[PDB]
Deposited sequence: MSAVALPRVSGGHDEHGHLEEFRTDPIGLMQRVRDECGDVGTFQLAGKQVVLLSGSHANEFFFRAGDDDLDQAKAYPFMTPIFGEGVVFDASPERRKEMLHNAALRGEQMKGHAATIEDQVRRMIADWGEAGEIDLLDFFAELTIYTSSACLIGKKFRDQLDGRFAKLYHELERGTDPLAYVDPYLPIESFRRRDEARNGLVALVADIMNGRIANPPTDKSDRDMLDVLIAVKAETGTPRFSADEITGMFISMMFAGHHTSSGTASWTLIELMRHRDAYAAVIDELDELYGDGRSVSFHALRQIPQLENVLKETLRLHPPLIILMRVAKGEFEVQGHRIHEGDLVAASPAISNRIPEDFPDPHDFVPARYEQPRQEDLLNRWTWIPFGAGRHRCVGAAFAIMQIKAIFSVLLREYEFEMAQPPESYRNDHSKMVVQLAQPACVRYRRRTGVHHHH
């Protein structure tokens, strides 16, 4: 036989620990660490997950070559979402020189989103931010003209796509279950929306964006090179990594601000003061806004949108006396690691001061403060994501005041899917400032 790695307790349901991973993934990953240590395992259906935690194990995880731990085929639930379509058999839109423009675009999207708010009212954070980020992502990554042809429908269907990521995907992403069925219908709904837009552009051409370019590409015969399914597949793929992440992070940032009015007041004074120089959001969102940035960092430590990072071992490796065999699913968890007691004093408390100049607990714990991951695969959209949070709230916090419309403890995440979403209701009251 072979040496067995430590295995966390429980996991006696039909698919081992899968059932528990769906109902309470963080509790399960935490128990793995509490019982096994830096290297423990749990069963996800027919796959064994080697969960790593702590600086040393995380370092190995984040510094391993794309040839040692494969990120491909690690997230089987994504295949049906992107589709088989192939256009060209992130980088561009994310170049620094483009940031200024995106910041201006984001400010515009926010103002348009709150345009009808009036003096006072209420909103649900998930509905608001999920939709807002569809508009920010599509406008910045695909084009403003394209976004102007999008409405709440695109948002709703994209949400359905994200919800079609049940852990059962590790059994088979095409299992005949409701969430997967809705997933497929939603994607077809998305393709139809794009097809309608394409037809509208054919009928009355511009007097141009990415869609216009793609629409104009043709094969020999003269027939259009790309179908609506292929283009949609690409657009979906381009917006996925930054949607649910920015959406959730935006909601939690506001939630923590309302939960901690002293930090909220600090941020307000800061914003009012900084923008007193008369420079635009496109200027300030790309520069230092310390109080808000520290609130964001702490929000990300406590509420990382990706609670688990997956890889597929392509060989045999040794991590702290433990053997990883090729074929094993190897994982790291920002959820668990970001709260390691030793690395972050009072890990369960919201303390943006951790990131202040003299403390910088984020830079000090290079292998455990991992909301954006680390190493070679560190989130490439990190700078954009931070800029977006800066731009969104520079507008929101200066225009309106926000208060929780439900118990502070009632705001929570839904972890029933691999793609974490804020749970509803998430009711918040707003009222114009000044």
| item | value |
| --- | --- |
| Coordinate gaps, deposited numbering | 1, 91 to 100, 219 to 222, 450 to 455 |
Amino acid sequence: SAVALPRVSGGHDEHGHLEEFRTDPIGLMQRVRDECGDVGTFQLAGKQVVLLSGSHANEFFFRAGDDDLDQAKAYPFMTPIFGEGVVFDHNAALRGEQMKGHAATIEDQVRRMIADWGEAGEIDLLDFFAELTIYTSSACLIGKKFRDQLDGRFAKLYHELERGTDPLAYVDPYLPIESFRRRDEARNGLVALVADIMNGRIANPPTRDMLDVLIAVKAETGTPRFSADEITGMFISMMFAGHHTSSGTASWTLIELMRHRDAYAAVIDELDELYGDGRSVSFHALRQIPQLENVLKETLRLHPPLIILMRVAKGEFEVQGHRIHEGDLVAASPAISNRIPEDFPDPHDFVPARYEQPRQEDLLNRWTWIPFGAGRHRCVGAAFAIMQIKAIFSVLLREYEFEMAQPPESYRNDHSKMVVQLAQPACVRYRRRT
From here on, numbers count along this sequence of modelled residues.
{"query": "Stretch with the higher entry mean CA B-factor, where the candidates are 360 to 368 and 324 to 332", "finding": "324 to 332"}
{"query": "143 to 151 versus 243 to 251 - which carries the larger mean C-alpha B factor in the record", "finding": "143 to 151"}
{"query": "Residue of maximum C-alpha B factor among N294, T105, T223, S280, per deposited coordinates", "finding": "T223"}
{"query": "Highest-ranked of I81, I289, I307, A195 once sorted by CA temperature factor in the record", "finding": "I81"}
{"query": "Third assignment of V50 from its chain's C-alpha B-factors", "finding": "lowest"}
{"query": "Chain third (lowest, middle, highest) by recorded CA B-factor, residue given as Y275", "finding": "middle"}
{"query": "CA B-factor placement of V428, once the chain's modelled residues are sorted into thirds", "finding": "lowest"}
{"query": "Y135 - which third its CA temperature factor falls in, relative to the rest of the chain", "finding": "lowest"}
{"query": "Assigned third (lowest, middle, highest) for the C-alpha B factor of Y174", "finding": "highest"}
